[PDB]
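Peer 1: I am sharing query-v3.csv, which consists of CSV, C-alpha atoms:
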```csv
chain,number,residue,atom,x,y,z
A,1,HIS,CA,31.2,-45.7,0.4
A,2,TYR,CA,28.2,-44.2,2.2
A,3,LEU,CA,29.2,-41.7,4.9
A,4,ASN,CA,27.6,-41.2,8.3
A,5,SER,CA,27.2,-37.6,9.3
A,6,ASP,CA,30.4,-37.8,11.4
A,7,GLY,CA,32.3,-38.7,8.3
A,8,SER,CA,32.7,-42.4,9.3
A,9,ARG,CA,31.8,-44.9,6.7
A,10,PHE,CA,28.7,-47.1,6.8
A,11,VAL,CA,29.3,-50.7,5.8
A,12,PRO,CA,26.0,-52.5,5.3
A,13,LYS,CA,25.5,-56.2,5.8
A,14,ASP,CA,25.0,-58.3,2.6
A,15,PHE,CA,21.3,-58.8,3.4
A,16,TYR,CA,20.3,-55.1,4.0
A,17,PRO,CA,17.9,-53.5,1.5
A,18,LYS,CA,19.2,-51.2,-1.1
A,19,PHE,CA,20.0,-47.7,-0.2
A,20,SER,CA,20.6,-44.5,-2.2
A,21,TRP,CA,20.5,-40.8,-1.8
A,22,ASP,CA,19.1,-40.2,-5.3
A,23,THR,CA,15.8,-39.3,-3.7
A,24,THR,CA,14.4,-39.5,-0.2
A,25,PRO,CA,15.1,-43.1,1.0
A,26,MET,CA,11.7,-44.6,1.6
A,27,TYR,CA,10.2,-47.3,3.7
A,28,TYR,CA,6.5,-48.3,3.3
A,29,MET,CA,4.3,-50.1,5.9
A,30,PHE,CA,0.7,-51.0,5.2
A,31,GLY,CA,-2.0,-53.6,5.4
A,32,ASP,CA,-5.7,-54.0,4.7
A,33,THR,CA,-7.8,-56.5,6.6
A,34,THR,CA,-10.4,-56.5,3.8
A,35,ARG,CA,-8.4,-57.1,0.6
A,36,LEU,CA,-5.0,-57.7,-1.0
A,37,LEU,CA,-3.3,-55.1,-3.1
A,38,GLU,CA,-4.3,-54.7,-6.7
A,39,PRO,CA,-1.3,-55.2,-9.2
A,40,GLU,CA,-1.5,-51.5,-9.9
A,41,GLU,CA,-1.0,-50.8,-6.2
A,42,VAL,CA,2.0,-53.2,-6.0
A,43,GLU,CA,3.6,-51.4,-9.0
A,44,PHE,CA,2.9,-48.0,-7.4
A,45,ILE,CA,4.6,-48.9,-4.2
A,46,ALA,CA,7.3,-51.0,-5.8
A,47,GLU,CA,8.4,-47.9,-7.8
A,48,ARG,CA,8.9,-45.8,-4.7
A,49,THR,CA,10.6,-48.1,-2.2
A,50,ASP,CA,13.0,-51.0,-1.7
A,51,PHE,CA,12.0,-51.7,1.8
A,52,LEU,CA,8.5,-52.3,3.2
A,53,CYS,CA,6.5,-54.2,5.9
A,54,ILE,CA,3.1,-55.9,5.5
A,55,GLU,CA,0.8,-55.0,8.5
A,56,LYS,CA,-0.7,-57.2,11.3
A,57,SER,CA,-4.0,-58.0,9.6
A,58,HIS,CA,-3.3,-57.9,5.9
A,59,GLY,CA,-5.6,-60.0,3.7
A,60,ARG,CA,-7.1,-61.7,6.8
A,61,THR,CA,-10.6,-61.5,5.4
A,62,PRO,CA,-10.0,-62.7,1.8
A,63,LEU,CA,-7.4,-65.3,2.9
A,64,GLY,CA,-8.3,-66.2,6.4
A,65,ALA,CA,-4.9,-65.6,8.0
A,66,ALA,CA,-2.7,-62.4,8.2
A,67,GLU,CA,0.4,-64.4,7.4
A,68,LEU,CA,-1.0,-65.4,4.0
A,69,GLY,CA,-1.6,-61.7,3.3
A,70,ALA,CA,2.1,-61.2,4.0
A,71,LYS,CA,2.9,-64.2,1.8
A,72,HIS,CA,0.9,-63.0,-1.1
A,73,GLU,CA,2.3,-59.5,-1.2
A,74,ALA,CA,5.9,-60.5,-0.6
A,75,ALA,CA,5.6,-62.6,-3.7
A,76,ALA,CA,3.8,-59.9,-5.7
A,77,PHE,CA,6.4,-57.3,-4.9
A,78,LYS,CA,9.4,-59.6,-5.6
A,79,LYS,CA,8.0,-60.6,-9.0
A,80,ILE,CA,8.3,-56.9,-9.9
A,81,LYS,CA,11.3,-56.0,-7.8
A,82,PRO,CA,13.4,-59.2,-7.0
A,83,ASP,CA,15.7,-57.2,-4.7
A,84,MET,CA,12.9,-55.8,-2.6
A,85,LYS,CA,12.9,-56.4,1.2
A,86,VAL,CA,9.6,-57.3,2.7
A,87,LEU,CA,9.2,-57.8,6.4
A,88,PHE,CA,6.7,-60.0,8.2
A,89,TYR,CA,5.0,-58.2,11.1
A,90,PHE,CA,4.6,-59.6,14.6
A,91,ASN,CA,3.7,-58.0,17.9
A,92,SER,CA,5.9,-59.0,20.8
A,93,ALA,CA,3.3,-57.9,23.4
A,94,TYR,CA,-0.3,-58.1,22.1
A,95,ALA,CA,-1.5,-61.6,20.9
A,96,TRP,CA,-3.4,-60.2,17.9
A,97,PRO,CA,-5.5,-63.1,16.7
A,98,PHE,CA,-4.9,-62.2,13.0
A,99,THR,CA,-2.4,-64.9,12.1
A,100,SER,CA,-3.0,-68.6,12.2
A,101,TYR,CA,-0.2,-68.8,14.8
A,102,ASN,CA,-2.3,-66.6,17.2
A,103,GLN,CA,-5.7,-68.1,16.3
A,104,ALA,CA,-6.2,-69.6,19.7
A,105,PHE,CA,-5.7,-66.2,21.6
A,106,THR,CA,-9.4,-65.4,21.7
A,107,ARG,CA,-11.7,-65.3,24.7
A,108,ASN,CA,-13.7,-68.4,23.5
A,109,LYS,CA,-10.7,-70.6,22.5
A,110,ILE,CA,-7.8,-69.9,24.8
A,111,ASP,CA,-8.9,-72.2,27.7
A,112,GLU,CA,-8.8,-75.0,25.1
A,113,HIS,CA,-5.0,-74.3,24.7
A,114,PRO,CA,-3.6,-74.4,28.3
A,115,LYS,CA,0.0,-74.3,27.2
A,116,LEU,CA,-0.6,-71.1,25.2
A,117,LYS,CA,-2.7,-69.6,28.0
A,118,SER,CA,0.2,-70.0,30.4
A,119,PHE,CA,2.3,-67.7,28.1
A,120,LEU,CA,0.0,-64.8,28.9
A,121,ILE,CA,0.1,-62.1,31.6
A,122,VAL,CA,-2.6,-62.6,34.3
A,123,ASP,CA,-4.2,-59.4,35.7
A,124,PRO,CA,-3.6,-59.6,39.5
A,125,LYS,CA,-6.7,-57.7,40.4
A,126,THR,CA,-8.8,-60.4,38.6
A,127,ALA,CA,-6.7,-63.6,38.6
A,128,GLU,CA,-8.0,-63.4,35.0
A,129,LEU,CA,-6.1,-63.0,31.7
A,130,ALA,CA,-5.1,-59.4,31.3
A,131,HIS,CA,-6.3,-58.0,28.0
A,132,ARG,CA,-7.0,-54.9,25.8
A,133,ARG,CA,-10.4,-55.5,24.2
A,134,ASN,CA,-10.0,-59.2,24.8
A,135,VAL,CA,-6.5,-59.3,23.1
A,136,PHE,CA,-4.2,-61.0,25.5
A,137,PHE,CA,-0.7,-60.0,26.5
A,138,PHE,CA,2.4,-62.1,26.0
A,139,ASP,CA,4.6,-62.5,29.1
A,140,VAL,CA,8.2,-61.9,28.0
A,141,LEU,CA,9.3,-63.0,31.5
A,142,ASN,CA,8.0,-66.5,30.8
A,143,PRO,CA,11.0,-68.4,29.2
A,144,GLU,CA,8.6,-70.9,27.4
A,145,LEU,CA,6.8,-67.9,25.8
A,146,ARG,CA,10.2,-66.6,24.6
A,147,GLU,CA,10.9,-69.9,23.0
A,148,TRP,CA,7.5,-70.3,21.5
A,149,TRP,CA,7.1,-66.7,20.3
A,150,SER,CA,10.5,-66.5,18.7
A,151,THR,CA,10.1,-69.9,16.9
A,152,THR,CA,6.6,-68.7,15.8
A,153,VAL,CA,7.9,-65.4,14.3
A,154,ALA,CA,10.6,-67.3,12.6
A,155,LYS,CA,8.0,-69.7,11.3
A,156,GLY,CA,5.9,-66.7,10.1
A,157,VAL,CA,8.9,-65.3,8.3
A,158,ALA,CA,9.7,-68.6,6.6
A,159,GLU,CA,6.1,-69.4,5.6
A,160,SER,CA,5.6,-65.9,4.2
A,161,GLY,CA,8.9,-65.7,2.2
A,162,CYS,CA,9.6,-62.4,3.9
A,163,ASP,CA,13.1,-61.1,4.4
A,164,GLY,CA,12.8,-60.7,8.1
A,165,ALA,CA,10.5,-59.4,10.8
A,166,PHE,CA,9.2,-56.1,12.0
A,167,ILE,CA,8.8,-56.7,15.8
A,168,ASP,CA,6.3,-54.3,17.4
A,169,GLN,CA,6.5,-53.3,21.1
A,170,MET,CA,9.5,-53.4,23.3
A,171,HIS,CA,8.0,-52.6,26.6
A,172,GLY,CA,7.0,-56.1,27.7
A,173,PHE,CA,4.3,-54.4,29.8
A,174,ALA,CA,7.0,-53.4,32.3
A,175,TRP,CA,4.5,-51.0,34.0
A,176,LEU,CA,2.4,-54.1,35.0
A,177,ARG,CA,5.4,-55.5,36.9
A,178,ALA,CA,7.4,-52.4,37.6
A,179,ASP,CA,9.6,-54.1,40.2
A,180,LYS,CA,10.7,-56.5,37.4
A,181,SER,CA,11.3,-53.8,34.8
A,182,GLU,CA,15.0,-54.4,34.4
A,183,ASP,CA,14.3,-58.2,34.1
A,184,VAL,CA,11.7,-57.4,31.4
A,185,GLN,CA,14.3,-55.4,29.5
A,186,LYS,CA,16.7,-58.3,29.7
A,187,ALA,CA,14.1,-60.8,28.7
A,188,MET,CA,13.2,-58.7,25.7
A,189,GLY,CA,16.8,-59.0,24.6
A,190,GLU,CA,16.8,-62.7,25.0
A,191,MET,CA,13.6,-63.2,23.0
A,192,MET,CA,15.1,-61.1,20.2
A,193,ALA,CA,18.4,-63.0,20.3
A,194,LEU,CA,16.4,-66.2,20.0
A,195,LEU,CA,14.4,-65.0,17.0
A,196,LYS,CA,17.5,-63.6,15.3
A,197,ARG,CA,19.2,-67.0,15.5
A,198,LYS,CA,16.1,-69.0,14.7
A,199,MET,CA,15.4,-66.9,11.5
A,200,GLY,CA,18.7,-68.0,10.0
A,201,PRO,CA,21.4,-66.1,8.3
A,202,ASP,CA,20.1,-63.4,5.9
A,203,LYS,CA,17.1,-62.0,7.8
A,204,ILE,CA,16.4,-58.5,8.8
A,205,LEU,CA,15.3,-57.8,12.4
A,206,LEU,CA,13.5,-54.4,12.8
A,207,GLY,CA,12.4,-53.4,16.3
A,208,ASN,CA,9.7,-50.8,16.7
A,209,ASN,CA,10.8,-47.8,18.8
A,210,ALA,CA,14.0,-49.6,19.6
A,211,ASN,CA,15.9,-46.4,20.1
A,212,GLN,CA,14.3,-46.2,23.5
A,213,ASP,CA,16.3,-47.1,26.6
A,214,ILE,CA,13.8,-49.9,27.4
A,215,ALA,CA,15.0,-51.7,24.3
A,216,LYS,CA,18.7,-51.5,25.1
A,217,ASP,CA,19.0,-55.2,25.7
A,218,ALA,CA,17.0,-55.8,22.5
A,219,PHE,CA,18.9,-53.2,20.4
A,220,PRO,CA,22.2,-55.1,19.8
A,221,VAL,CA,20.7,-58.0,17.9
A,222,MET,CA,18.5,-55.7,15.8
A,223,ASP,CA,19.4,-54.8,12.3
A,224,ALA,CA,17.0,-51.8,12.3
A,225,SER,CA,15.0,-49.6,14.6
A,226,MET,CA,11.9,-47.4,13.9
A,227,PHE,CA,11.1,-44.0,15.4
A,228,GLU,CA,7.3,-44.3,15.4
A,229,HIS,CA,6.5,-40.7,16.4
A,230,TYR,CA,3.2,-42.1,17.7
A,231,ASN,CA,2.1,-38.9,19.6
A,232,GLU,CA,3.0,-35.2,19.8
A,233,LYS,CA,5.5,-35.4,22.7
A,234,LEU,CA,7.7,-37.5,20.3
A,235,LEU,CA,7.5,-34.6,17.8
A,236,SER,CA,8.6,-32.0,20.2
A,237,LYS,CA,11.8,-30.0,19.6
A,238,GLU,CA,13.6,-32.0,22.3
A,239,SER,CA,12.4,-35.4,20.9
A,240,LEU,CA,13.4,-34.5,17.4
A,241,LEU,CA,16.9,-33.5,18.5
A,242,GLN,CA,17.1,-36.8,20.4
A,243,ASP,CA,15.9,-38.6,17.2
A,244,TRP,CA,18.8,-37.1,15.4
A,245,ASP,CA,21.3,-38.2,18.0
A,246,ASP,CA,19.8,-41.6,18.1
A,247,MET,CA,19.9,-41.9,14.3
A,248,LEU,CA,23.7,-41.1,14.3
A,249,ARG,CA,24.3,-43.7,17.0
A,250,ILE,CA,22.3,-46.3,15.2
A,251,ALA,CA,24.2,-45.7,12.0
A,252,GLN,CA,27.6,-45.8,13.8
A,253,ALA,CA,26.5,-49.3,14.9
A,254,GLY,CA,26.0,-50.2,11.3
A,255,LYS,CA,22.3,-50.5,11.8
A,256,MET,CA,19.3,-49.1,10.0
A,257,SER,CA,16.7,-46.7,11.2
A,258,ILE,CA,13.2,-45.9,10.0
A,259,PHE,CA,12.0,-42.3,10.7
A,260,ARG,CA,8.3,-42.7,10.5
A,261,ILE,CA,5.8,-39.8,10.5
A,262,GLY,CA,2.1,-40.2,11.0
A,263,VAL,CA,0.4,-36.8,10.5
A,264,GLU,CA,-2.5,-38.1,12.7
A,265,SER,CA,-0.1,-37.0,15.5
A,266,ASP,CA,0.2,-33.4,14.2
A,267,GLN,CA,-5.9,-35.7,6.1
A,268,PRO,CA,-4.5,-36.4,2.6
A,269,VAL,CA,-4.6,-32.6,2.3
A,270,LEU,CA,-2.9,-32.1,5.6
A,271,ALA,CA,-0.3,-34.7,4.9
A,272,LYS,CA,0.7,-33.2,1.5
A,273,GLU,CA,0.7,-29.8,3.2
A,274,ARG,CA,3.0,-31.0,6.0
A,275,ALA,CA,5.2,-33.2,3.9
A,276,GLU,CA,7.9,-30.4,3.5
A,277,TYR,CA,8.1,-30.0,7.3
A,278,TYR,CA,8.3,-33.7,8.3
A,279,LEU,CA,10.7,-34.6,5.4
A,280,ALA,CA,13.0,-31.8,6.6
A,281,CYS,CA,12.8,-33.2,10.1
A,282,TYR,CA,14.1,-36.5,8.8
A,283,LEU,CA,16.7,-35.0,6.4
A,284,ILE,CA,18.4,-33.1,9.3
A,285,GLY,CA,19.3,-36.4,10.9
A,286,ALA,CA,19.3,-38.7,7.9
A,287,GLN,CA,22.1,-41.3,7.8
A,288,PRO,CA,23.1,-44.1,5.4
A,289,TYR,CA,20.6,-46.9,5.4
A,290,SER,CA,18.0,-44.8,7.2
A,291,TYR,CA,14.6,-44.5,5.6
A,292,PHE,CA,11.6,-42.1,5.8
A,293,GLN,CA,8.0,-43.4,6.2
A,294,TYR,CA,5.2,-41.0,5.6
A,295,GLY,CA,1.4,-41.0,5.8
A,296,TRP,CA,-1.4,-40.7,8.3
A,297,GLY,CA,-1.6,-44.2,9.6
A,298,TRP,CA,-0.8,-47.9,8.9
A,299,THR,CA,-3.7,-48.9,6.5
A,300,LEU,CA,-3.2,-49.3,2.8
A,301,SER,CA,-5.4,-46.2,2.5
A,302,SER,CA,-3.1,-44.3,4.9
A,303,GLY,CA,-0.7,-42.7,2.4
A,304,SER,CA,1.2,-45.5,0.7
A,305,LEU,CA,-0.9,-45.0,-2.4
A,306,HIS,CA,-0.5,-41.1,-2.5
A,307,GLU,CA,2.0,-39.0,-4.3
A,308,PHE,CA,3.8,-36.6,-2.0
A,309,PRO,CA,6.0,-34.8,-4.6
A,310,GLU,CA,8.8,-33.9,-2.3
A,311,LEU,CA,9.7,-37.5,-1.7
A,312,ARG,CA,10.4,-38.0,-5.4
A,313,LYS,CA,12.6,-35.0,-5.9
A,314,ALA,CA,16.3,-35.3,-6.4
A,315,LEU,CA,18.2,-35.2,-3.1
A,316,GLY,CA,21.7,-36.5,-3.4
A,317,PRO,CA,24.3,-37.3,-0.8
A,318,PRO,CA,24.6,-35.0,2.2
A,319,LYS,CA,27.4,-32.5,2.0
A,320,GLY,CA,27.9,-32.7,5.7
A,321,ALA,CA,26.2,-33.0,9.0
A,322,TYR,CA,23.5,-30.6,10.0
A,323,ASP,CA,24.3,-27.2,11.5
A,324,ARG,CA,22.5,-25.9,14.6
A,325,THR,CA,22.1,-22.3,13.5
A,326,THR,CA,22.6,-21.1,17.2
A,327,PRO,CA,24.0,-23.4,19.9
A,328,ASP,CA,20.8,-23.2,22.0
A,329,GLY,CA,18.3,-22.4,19.3
A,330,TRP,CA,15.9,-24.8,17.5
A,331,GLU,CA,16.8,-23.9,13.9
A,332,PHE,CA,18.6,-26.5,11.9
A,333,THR,CA,20.0,-26.6,8.4
A,334,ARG,CA,21.6,-29.3,6.3
A,335,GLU,CA,23.1,-29.2,2.8
A,336,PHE,CA,22.5,-32.1,0.3
A,337,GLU,CA,23.8,-32.3,-3.2
A,338,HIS,CA,20.5,-31.2,-4.7
A,339,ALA,CA,18.6,-29.6,-1.8
A,340,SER,CA,19.0,-27.2,1.1
A,341,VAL,CA,17.1,-28.1,4.2
A,342,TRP,CA,16.0,-25.5,6.8
A,343,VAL,CA,13.8,-26.3,9.8
A,344,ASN,CA,12.7,-24.7,13.1
A,345,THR,CA,11.5,-27.4,15.4
A,346,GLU,CA,10.2,-24.9,18.0
A,347,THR,CA,7.8,-23.2,15.6
A,348,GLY,CA,7.2,-26.2,13.4
A,349,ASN,CA,8.2,-24.5,10.1
A,350,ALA,CA,10.5,-25.8,7.4
A,351,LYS,CA,11.8,-25.0,3.9
A,352,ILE,CA,13.5,-27.4,1.6
A,353,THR,CA,15.0,-25.5,-1.4
A,354,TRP,CA,15.3,-28.1,-4.2
A,355,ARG,CA,18.1,-27.3,-6.5
```
Could you express the structure from this file as structure tokens?

Peer 2:
Amino acid sequence: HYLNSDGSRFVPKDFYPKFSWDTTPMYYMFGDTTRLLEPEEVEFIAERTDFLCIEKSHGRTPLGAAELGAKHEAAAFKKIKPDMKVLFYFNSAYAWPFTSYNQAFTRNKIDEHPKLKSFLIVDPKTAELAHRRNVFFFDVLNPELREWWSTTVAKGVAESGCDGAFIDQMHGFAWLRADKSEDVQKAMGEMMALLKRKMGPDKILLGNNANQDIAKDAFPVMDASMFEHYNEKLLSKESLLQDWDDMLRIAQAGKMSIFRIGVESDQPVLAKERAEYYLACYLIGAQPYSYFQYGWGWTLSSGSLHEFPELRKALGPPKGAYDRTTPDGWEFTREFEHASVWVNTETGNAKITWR
């Protein structure tokens, strides 16, 4: 039985990806608008992970629709690794026009789909559709959007043969309706609860940045949550310690966490250089069925196809929880079966002593 860092046992659900402390537990996420993966690339990634997600635009150009990119790679990976878990990606907030499901959410087609247009946040200072570079915003407060969006993701998961969904964005643009923020948080939870049911019984629900308080209504139905570390405030010593508390809490709920590092928030040289530091940041808080993601972005070219040697080194089960070297300091150590981790999250230095 895998052991959380408090000594409690972690009991996974039947449909969770495989987990092991043999080496660093890995999660990969990638996509390429311009091409599908070569077989060699599928083998490279399949050898290093049991758990991955295909990105928002993958294979859109060669195949016309991003969900066919997901469909193609899910089947390629499962031919190699039948037990592999592949998530379909869908944004809960931005109506990225990359899938066929979202093909109407463009400036020059949305008016021709009034029902879908009514699902979108209107900018009050324009009475016009709010947008970010003409990409429209789903309105989680709109119950029909919650029904349609959740059915749509479930449709994307089924059409792609993916093992679940990576849901991006939990905020429901609360800052655009700050008076309704609490309602937005509750609506997010309802939309996730719908999707979780509509997906059927053996499907993984991963929510991006779902450790955050704004996702507390979303969190319970989630199987997994990702720590995106999308900027440098999230890599502060305070945030890293909060990550570690969150990771324990997630594991005690029997859920999965993805500790993702993009070194763009600190390039292949810099990443391989910094890999010892950011791995150690993960290993301090690592829990059963938590996974490390590493690179410098979310494209196929963003790290998934590089060798960071530390990730492939023998790790072994933790010998215990981490130790805060001094009760108010920012040095942290943790012992694993085959490695000794040391990290100072104030100065940003680390040493993993592989044994």

Peer 1: Between atom CA of residue A:121 and atom CA of residue A:175, measure the distance and give it in Å to one decimal.

Peer 2: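 Computing it gives 12.2 Å between the two atoms.
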
Peer 1: Give me the residues within 9 Å of residue A:143 as number ranges by chain, counting only C-alpha atoms and dropping any in the same chain fewer than 6 places off.

Peer 2: A: 119, 187, 191

Peer 1: Of the candidates A:179, A:118, A:96, A:70, which one gets nearest to residue A:156 if we count all atoms listed in the file?

Peer 2: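 Under the stated criterion, the closest residue is A:70.
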
Peer 1: Which of these, A:60, A:48, A:79, A:113, has the shortest distance to residue A:97 once you count all atoms listed in the file?

Peer 2: A:60

Peer 1: Would you kindly return, as a list in words, each protein, DNA or RNA residue with an atom no farther than 8 Å from any atom of stretch 203-205 of chain A, considering all atoms listed in the file and excluding same-chain residues fewer than 6 positions away?

Peer 2: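 Near stretch 203-205 of chain A, the qualifying residues are residues 15, 16, 87, 163, 164, 165, 166, 167, 196, 221, 222, 223 and 224 of chain A.
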
Peer 1: Select from stretch 207-288 of chain A every residue with an atom at most 9 Å from any atom of stretch 324-333 of chain A, then for each give the shortest pair of atoms and their distance in Å to one decimal, using all atoms listed in the file, rows by chain and rising number, as CSV.

Peer 2:
```
residue,atom,partner,partner_atom,distance
A:237,CA,A:330,CA,6.9
A:238,CA,A:330,CA,9.0
A:241,CA,A:330,CA,8.8
A:280,CA,A:333,CA,8.9
A:284,CA,A:333,CA,6.8
```

Peer 1: If we count all atoms listed in the file and set the cut-off at 8 Å, which residues sit around residue A:337, ignoring sequence neighbours fewer than 3 positions away in its own chain? Please answer as a CSV table (one decimal) with C-alpha atoms, in the coordinates of the input.

Peer 2:
```csv
chain,number,residue,atom,x,y,z
A,315,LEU,CA,18.2,-35.2,-3.1
A,316,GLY,CA,21.7,-36.5,-3.4
A,317,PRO,CA,24.3,-37.3,-0.8
A,318,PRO,CA,24.6,-35.0,2.2
A,319,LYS,CA,27.4,-32.5,2.0
```

Peer 1: Given the choices A:8, A:30, A:321, A:344, which gets closest to residue A:303 if the distance is worked out from all atoms listed in the file?

Peer 2: A:30

Peer 1: Go through A:6, A:305, A:168, A:259 one by one, measure the shortest atom-to-atom distance of each to residue A:41 using all atoms listed in the file, and give the residue with the smallest value.

Peer 2: A:305

Peer 1: So, with only C-alpha atoms as the atoms that count, which of A:256, A:26, A:343, A:120 lies closest to residue A:139?

Peer 2: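 Among the listed residues, A:120 lies closest to residue A:139.
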
Peer 1: Given the choices A:197, A:351, A:155, A:109, which gets closest to residue A:88 if the distance is worked out from all atoms listed in the file?

Peer 2: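 Closest to residue A:88 of all the choices is A:155.
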
Peer 1: For residue A:300, work out the shell of residues within 12 Å, counting only C-alpha atoms and skipping chain neighbours fewer than 3 positions away, then give it as a VMD selection string.

Peer 2: chain A and resid 28 to 38 41 to 42 44 to 45 53 to 59 295 to 297 303 to 306

Peer 1: Mind writing the picked residues with C-alpha atoms as a compact mmCIF listing (two decimals), keeping the file's coordinate frame?

Peer 2:
```
# COMPACT_ATOMS: atom_id res chain seq x y z
CA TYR A 28 6.50 -48.30 3.30
CA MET A 29 4.30 -50.10 5.90
CA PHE A 30 0.70 -51.00 5.20
CA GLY A 31 -2.00 -53.60 5.40
CA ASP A 32 -5.70 -54.00 4.70
CA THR A 33 -7.80 -56.50 6.60
CA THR A 34 -10.40 -56.50 3.80
CA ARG A 35 -8.40 -57.10 0.60
CA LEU A 36 -5.00 -57.70 -1.00
CA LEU A 37 -3.30 -55.10 -3.10
CA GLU A 38 -4.30 -54.70 -6.70
CA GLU A 41 -1.00 -50.80 -6.20
CA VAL A 42 2.00 -53.20 -6.00
CA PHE A 44 2.90 -48.00 -7.40
CA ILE A 45 4.60 -48.90 -4.20
CA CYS A 53 6.50 -54.20 5.90
CA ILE A 54 3.10 -55.90 5.50
CA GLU A 55 0.80 -55.00 8.50
CA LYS A 56 -0.70 -57.20 11.30
CA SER A 57 -4.00 -58.00 9.60
CA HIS A 58 -3.30 -57.90 5.90
CA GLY A 59 -5.60 -60.00 3.70
CA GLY A 295 1.40 -41.00 5.80
CA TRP A 296 -1.40 -40.70 8.30
CA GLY A 297 -1.60 -44.20 9.60
CA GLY A 303 -0.70 -42.70 2.40
CA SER A 304 1.20 -45.50 0.70
CA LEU A 305 -0.90 -45.00 -2.40
CA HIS A 306 -0.50 -41.10 -2.50
```

Peer 1: Please determine the residues with any atom at most 8 Å from (15.4, -34.4, -5.6) (coordinates as given in the file, with all atoms listed in the file counting) and report them as a PyMOL selection string.

Peer 2: chain A and resi 22-24+310-316+338-339+354-355

Peer 1: How far is it from atom CA of residue A:210 to atom CA of residue A:231, in Å with one decimal?

Peer 2: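 Atom CA of residue A:210 sits 16.0 Å away from atom CA of residue A:231.
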
Peer 1: My structure is short of atoms at stretch 290-301 of chain A; please model N, CA, C and O atoms there, returning them as a PDB file, in the frame of the given file.

Peer 2:
```pdb
ATOM      1  N   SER A 290      19.191 -45.199   6.493  1.00  0.00           N
ATOM      2  CA  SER A 290      18.000 -44.800   7.200  1.00  0.00           C
ATOM      3  C   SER A 290      16.929 -44.439   6.158  1.00  0.00           C
ATOM      4  O   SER A 290      17.241 -44.066   5.025  1.00  0.00           O
ATOM      5  N   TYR A 291      15.672 -44.602   6.547  1.00  0.00           N
ATOM      6  CA  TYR A 291      14.600 -44.500   5.600  1.00  0.00           C
ATOM      7  C   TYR A 291      13.439 -43.701   6.227  1.00  0.00           C
ATOM      8  O   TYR A 291      13.223 -43.728   7.443  1.00  0.00           O
ATOM      9  N   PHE A 292      12.737 -42.962   5.368  1.00  0.00           N
ATOM     10  CA  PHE A 292      11.600 -42.100   5.800  1.00  0.00           C
ATOM     11  C   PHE A 292      10.314 -42.932   5.491  1.00  0.00           C
ATOM     12  O   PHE A 292      10.171 -43.572   4.446  1.00  0.00           O
ATOM     13  N   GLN A 293       9.389 -42.891   6.444  1.00  0.00           N
ATOM     14  CA  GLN A 293       8.000 -43.400   6.200  1.00  0.00           C
ATOM     15  C   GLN A 293       7.057 -42.250   6.452  1.00  0.00           C
ATOM     16  O   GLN A 293       7.182 -41.514   7.438  1.00  0.00           O
ATOM     17  N   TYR A 294       6.086 -42.099   5.544  1.00  0.00           N
ATOM     18  CA  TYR A 294       5.200 -41.000   5.600  1.00  0.00           C
ATOM     19  C   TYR A 294       3.747 -41.351   5.258  1.00  0.00           C
ATOM     20  O   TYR A 294       3.502 -42.102   4.312  1.00  0.00           O
ATOM     21  N   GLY A 295       2.811 -40.789   6.013  1.00  0.00           N
ATOM     22  CA  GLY A 295       1.400 -41.000   5.800  1.00  0.00           C
ATOM     23  C   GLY A 295       0.595 -40.416   6.919  1.00  0.00           C
ATOM     24  O   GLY A 295       1.045 -39.491   7.614  1.00  0.00           O
ATOM     25  N   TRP A 296      -0.587 -41.003   7.137  1.00  0.00           N
ATOM     26  CA  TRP A 296      -1.400 -40.700   8.300  1.00  0.00           C
ATOM     27  C   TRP A 296      -1.888 -41.915   9.030  1.00  0.00           C
ATOM     28  O   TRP A 296      -2.870 -41.842   9.778  1.00  0.00           O
ATOM     29  N   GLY A 297      -1.223 -43.050   8.836  1.00  0.00           N
ATOM     30  CA  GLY A 297      -1.600 -44.200   9.600  1.00  0.00           C
ATOM     31  C   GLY A 297      -0.877 -45.464   8.989  1.00  0.00           C
ATOM     32  O   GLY A 297       0.156 -45.341   8.315  1.00  0.00           O
ATOM     33  N   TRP A 298      -1.448 -46.643   9.271  1.00  0.00           N
ATOM     34  CA  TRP A 298      -0.800 -47.900   8.900  1.00  0.00           C
ATOM     35  C   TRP A 298      -1.722 -48.782   8.006  1.00  0.00           C
ATOM     36  O   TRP A 298      -1.404 -49.954   7.787  1.00  0.00           O
ATOM     37  N   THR A 299      -2.810 -48.208   7.505  1.00  0.00           N
ATOM     38  CA  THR A 299      -3.700 -48.900   6.500  1.00  0.00           C
ATOM     39  C   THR A 299      -3.124 -48.711   5.131  1.00  0.00           C
ATOM     40  O   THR A 299      -2.347 -47.782   4.936  1.00  0.00           O
ATOM     41  N   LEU A 300      -3.572 -49.520   4.181  1.00  0.00           N
ATOM     42  CA  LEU A 300      -3.200 -49.300   2.800  1.00  0.00           C
ATOM     43  C   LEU A 300      -3.669 -47.899   2.346  1.00  0.00           C
ATOM     44  O   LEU A 300      -2.976 -47.213   1.583  1.00  0.00           O
ATOM     45  N   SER A 301      -4.821 -47.462   2.848  1.00  0.00           N
ATOM     46  CA  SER A 301      -5.400 -46.200   2.500  1.00  0.00           C
ATOM     47  C   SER A 301      -4.764 -45.014   3.266  1.00  0.00           C
ATOM     48  O   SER A 301      -5.238 -43.879   3.140  1.00  0.00           O
TER      49      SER A 301
END
```
